[PDB]
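These values consider heavy atoms only, across backbone and side chains, with no hydrogens, waters or symmetry-generated copies. So you know, we letter chains A, B, ... as the sequences are listed, proteins then strands, and number each from 1.
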Amino acid sequence: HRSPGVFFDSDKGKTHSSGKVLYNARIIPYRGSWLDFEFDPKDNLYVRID
DNA sequence: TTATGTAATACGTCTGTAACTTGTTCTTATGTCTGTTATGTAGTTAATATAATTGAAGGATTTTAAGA
């Protein structure tokens, strides 16, 4: 499985019309809720909870 | 020649078998009534107590309605 902790990933420029590689961070515990922090194509940082 | 008397032979026939049928008589299987016990239903309890719940997770593409 995936080790608990924080993983920093990117979409490799395959989502938006332009390249615009978008970066996100995901924290996963052994037990509990997930947290996500993404970048949008407008260069603003957003949060997702579960 | 012809009466006579035996003998073959064909037909009734008296009786022994068997089929058709009923009486009735006894036995048994079944349907029903009744009494008793277990099952199924229902109502009530009065320190006080006053916004769940449990997960779940590397998807990748299309098409089509709402929002602006």
Participant: Could you tell me the separation between the CZ atom of A:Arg2 and the P atom of B:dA57, rounded to a whole number of Å?
Facilitator: 12 Å

Participant: Is it the case that B:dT37 and B:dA38 stack, meaning their six-membered ring centres lie under 5.5 Å apart and the ring planes differ by under 30 degrees?
Facilitator: yes

Participant: Nearest 0.5 Å please: distance from the CG atom of A:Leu22 over to the NE2 atom of A:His16.
Facilitator: 8.0 Å

Participant: Are A:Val47 and A:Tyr23 grouped together when hydrophobic residues (ILVMFWY) are joined by side-chain heavy atoms under 4.5 angstrom apart?
Facilitator: yes

Participant: Taking syn as within 90° of 0 and anti otherwise, name the glycosidic form of B:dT50.
Facilitator: syn

Participant: Sign of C1'-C2'-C3'-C4' at B:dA49: does that make it north or south?
Facilitator: south

Participant: If anything within 90° of 0 is syn and all else is anti, what is B:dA51?
Facilitator: syn

Participant: Report yes if the ring of A:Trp34 lies under 5.5 Å from the six-membered base ring of B:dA56 with planes under 30°, and no otherwise.
Facilitator: no

Participant: Rounded to whole Å, how long is the line connecting atom NZ of A:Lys14 with atom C1' of B:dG59?
Facilitator: 12 Å

Participant: Can you tell me how far CD1 of A:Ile28 sits from CG of A:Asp36, rounded to the nearest 0.5 angstrom?
Facilitator: 7.5 Å

Participant: In whole Å, I'd like the distance from the CG atom of A:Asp50 to the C1' atom of B:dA57.
Facilitator: 10 Å

Participant: Distance check needed: B:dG59 P versus A:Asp11 CG, whole Å only.
Facilitator: 13 Å

Participant: Any donor and acceptor pair, going by atom type alone, linking the side chain of A:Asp50 with main-chain N or O of A:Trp34 inside 3.5 Å?
Facilitator: yes

Participant: Between B:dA57 atom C1' and A:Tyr30 atom OH, what is the distance in whole Å?
Facilitator: 16 Å

Participant: Would you call B:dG40 syn or anti, using the 90° rule around 0?
Facilitator: anti

Participant: Could you go step by step and tell me if A:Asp11 and A:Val21 meet the side chain to side chain contact (heavy atoms under 4.5 Å, CB included) rule?
Facilitator: CA-CA 6 Å; A:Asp11 88 357; A:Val21 182; 4.3 Å; yes

Participant: Between P on B:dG59 and CG on A:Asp9, what's the gap in Å once rounded to a whole number?
Facilitator: 11 Å

Participant: How many whole angstroms separate atom CD1 of A:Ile27 from atom P of B:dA56?
Facilitator: 19 Å

Participant: Going only by the six-membered rings, do B:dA51 and B:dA52 fall inside 5.5 Å on centre distance and below 30 degrees on plane angle?
Facilitator: no

